[PDB]
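One chain comes next, on its own, written out as structure tokens in the form deposited in one PDB entry.
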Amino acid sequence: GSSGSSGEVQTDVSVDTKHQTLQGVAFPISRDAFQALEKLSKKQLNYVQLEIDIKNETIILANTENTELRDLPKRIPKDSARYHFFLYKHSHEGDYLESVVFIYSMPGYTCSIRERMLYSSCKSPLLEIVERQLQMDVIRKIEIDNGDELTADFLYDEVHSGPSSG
């Protein structure tokens, strides 16, 4: 009979403390995978399909084809978890610029928990790549549960990092 009664059980009212992270996986960078992000830095394309290999244990290339915004969410797979680097172009203060966005779609249907956790934890060692090689930094990280959420009304939101409720 622990439950039932409710009151001031949290006697914190003092300094708080938090961990540094939840996972800690670091996979190597493949050639094809890198070459895909390389062009992205030279403003050549606006779509990079990357993923992690469970057999090779590394971030390899999954695909590479031009993609737009109106069809951005139309390219996202509905039966495979991978990354999608979209070049969201906007005009701040009347100045048109280019920004590389990070998208991570995860369907999660049959793939074990070891694969879904390894595909979302492999982003860490994948982000430092362009941040330690191409010297390029992502405009903002975005993760969905389908891929349709990727819209000009959503992307612009994350990129802005503006305030929100929940």
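Residue numbers run from 1 along the displayed sequence.
This next part talks about the form deposited with a partner chain bound, which is not shown.
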How about residue 57: is it within 4.5 Å of its partner chain in the deposited bound form, going by heavy atoms?
-> yes
Any non-hydrogen atom of residue 132 within 4.5 angstroms of its partner chain in the deposited bound form | no
Taking heavy atoms only, is residue 141 within 4.5 angstroms of its partner chain in the deposited bound form?
-> yes
Looking at the partner-bound form in the deposited bound form, is residue 106 within 4.5 Å of its partner chain by any heavy atom?
-> yes
Has each of 51, 89 and 97 got a heavy atom lying within 4.5 angstroms of its partner chain in the deposited bound form?
-> no
Which residue among 118, 61, 69, 136 has a heavy atom within 4.5 angstroms of its partner chain in the deposited bound form?
-> 118
